[PDB]
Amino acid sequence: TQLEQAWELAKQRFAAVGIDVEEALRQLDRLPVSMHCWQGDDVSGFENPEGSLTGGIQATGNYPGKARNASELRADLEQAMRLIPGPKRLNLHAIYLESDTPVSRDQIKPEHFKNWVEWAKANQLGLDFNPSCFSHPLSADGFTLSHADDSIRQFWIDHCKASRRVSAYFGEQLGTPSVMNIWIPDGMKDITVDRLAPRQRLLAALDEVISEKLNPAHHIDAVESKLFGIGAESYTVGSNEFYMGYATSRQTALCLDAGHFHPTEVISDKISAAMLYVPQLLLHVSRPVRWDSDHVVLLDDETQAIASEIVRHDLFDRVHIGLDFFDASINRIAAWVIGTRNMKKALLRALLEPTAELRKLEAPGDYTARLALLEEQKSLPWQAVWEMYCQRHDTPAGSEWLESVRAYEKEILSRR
């Protein structure tokens, strides 16, 4: 009722500036967010859960209740899912495989992910994938796909090749292509002599990894740059330019992670440049706090900036929105909830923007009006629209979702 009313006023407000709230809602329904599985168990995986997170990535917090297997994970995920409106996907790491016996990374098969697949069907989720190139003895030296050792190198190439197959299976089975992201930790902590060679090896390996042609309808390859990681601060083989080059040249999708750049550097600006040259873009929304810290996505300037770009450019088909963060210092379900909802809220507000009007003002050099209007947009009643969206999707419109979280914690997590 209050919502209802609030909704009506909003409807009218927006109408007056040429904005159709309904349509906005429809459109928001066309923008799924792929939730990252790893937020649930601290990137532990099911290969060897308790066995140090590596790659220059880190888990800070030790809050209790982490999931410890597929089952807990799925349960945790559903809980989160019920408190997040609209479309979602699940982004999986190869270490999240389910097998009675241990599987060599270079040997995974679709079969190791059937449960995930059946579950996804049941939950009306699309699935995404990622070879796991870290937290492994063969990753110990800080090199994987660029490793100078042929054999090591081969093992990683093989794992990647296999991963493409699982991914393709996901798309076959789900009817929506699985975006399979390649991220590797390869780099050097200190002053490096030869930055080239590794880059050369990485180039060759990737080409081999994507050599097998797969159905685009079921599978997409993406490469993700990174500036630096803890323990590999001075050099990253797979740098921004390297992958920009790579994706452009081999026509794979390019993954842009909001926490993987320089200080003050923003992927929102990159979206429009990159799409002129690469087929698709996988966007990893994450909050870096003075480093690639992986904090939870907030409804902030850059998250909003990113949404705007996607929406202004009508990137519904070519962009894949994913979360990329891991905060172990708080409730993990809450983490996914806050994150996802935030992304959606940024999206919605972008959908509520009178872009054409603004675009038109800009074209005319009416900078005064553009700024002004861009700013006014912030005090328009979008919240009302967001809450109607929640309501429609049977999701708590406000802070009440916290009680559910609290409740599940008490009831479940508390026992883990």
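All residue numbers are counted from 1 along the displayed sequence.
Relative to one another, 305 to 313 and 168 to 176 have unequal mean CA B-factors, and 168 to 176 is the one with the higher figure. Look at the C-alpha B-factors of 117 to 125 and of 144 to 152. On average they run higher in 117 to 125. Of the residues listed, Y246, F134, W291, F261, the entry assigns the biggest Cα temperature factor to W291. Taking the PDB entry at face value, the top CA B factor among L53, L352, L371, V385 belongs to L53. In the deposited entry, the Cα temperature factor of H93 sits in the bottom third of values across the chain's modelled residues. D394 sits in the highest third of its chain by CA B factor, as recorded in the PDB entry. Among the modelled residues of the chain, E375 sits in the lowest third by CA temperature factor in this PDB entry. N62: CA B factor lies in the middle third for its chain, per the PDB record. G40: CA B factor lies in the middle third for its chain, per the PDB record.
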